[PDB]
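Listed next as structure tokens is one chain, alone, in the form deposited in one PDB entry.
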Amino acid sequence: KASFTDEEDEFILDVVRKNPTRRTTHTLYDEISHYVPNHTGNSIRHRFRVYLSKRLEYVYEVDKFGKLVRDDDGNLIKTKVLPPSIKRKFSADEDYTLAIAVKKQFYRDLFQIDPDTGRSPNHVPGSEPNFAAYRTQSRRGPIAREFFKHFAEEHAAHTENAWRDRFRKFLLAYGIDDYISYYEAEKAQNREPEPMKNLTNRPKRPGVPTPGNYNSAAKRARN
């Protein structure tokens, strides 16, 4: 083991203010390790998180793409506000938005009608299966790429792929109907609905070292 000097501590902080988006990463602290000999990505990251995060004070403002802003006179801008990190959490409002969107697509496909309307004649206005009562049941697609592109176009918080993998690994897991039924129920019971969690079923990949462990056992960059 090796002790952290104030020289190193203040150098960790100067990297983080210069790479704000990466504050919660593992790779960023693995990058500093290459500049502070005797210290690992793990140690550097725990050190920041535990004893140094509280001394952030300011960060430098960056762009969306997502480093780094300068004024007209080529100087850095000190900011007291964090920019988005790399990954965005899924919310209950987002999970419900997607369910409804898919329950709507599924409705548009199965009946060729589209709510809150009629047809996309005949045939008695209001006869339309509709909609609140319509249950997706066993249905899991087809969904064109058009869907998740348009959906992410309208709802920017998450990307096309981000959205599809939620629908895939979470929505289809819990059930399109079950989440609509759940979310609406919590609201009814004056409770605040929670995004669905703990549904990551993936077959065992032994081998493939645990991620988020940048140790002295590489480290060892040789670059």
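Numbers for residues come from their place in the sequence shown, where the first is 1.
Gaps at residue 118 occur in none of the other compared entries of the protein that contain both adjacent residues, all of which model it rather than a third dropping it.
Compared with the other entries of this protein, residue 190 is frequently left unbuilt, missing from a third or more of those that build its neighbours. Gap between residue 127 and residue 128: none; every deposited residue in this span has coordinates.
In this crystal structure, the stretch out of 59-67 and 23-31 whose C-alpha atoms carry the higher mean B factor is 59-67. Mean CA temperature factor is higher for 149-157 when stretches 149-157 and 95-103 are set side by side in the entry. Ranking 143, 133, 113, 86 by Cα temperature factor from the entry places 113 first. In this structure the maximum Cα B-factor among 46, 39, 197, 164 is found at 39.
For residue 209, the recorded CA temperature factor ranks within the lowest third of the chain's modelled residues. In the PDB entry, a CA B factor belonging to the highest third of its chain's modelled residues is recorded for residue 188.
This next part talks about the form deposited in another entry, which is not shown.
Among the candidates 54, 140, 150, 86, the residue located at the hinge where one rigid part turns against the other between this form and the one not shown is 86.
Note on residue 22 and residue 159: their C-alpha atoms are nearer in the other entry, a change of at least 3 Å from this conformation. In the other entry, the CA atoms of residue 28 and residue 89 draw together by 3 angstroms or more relative to this form.
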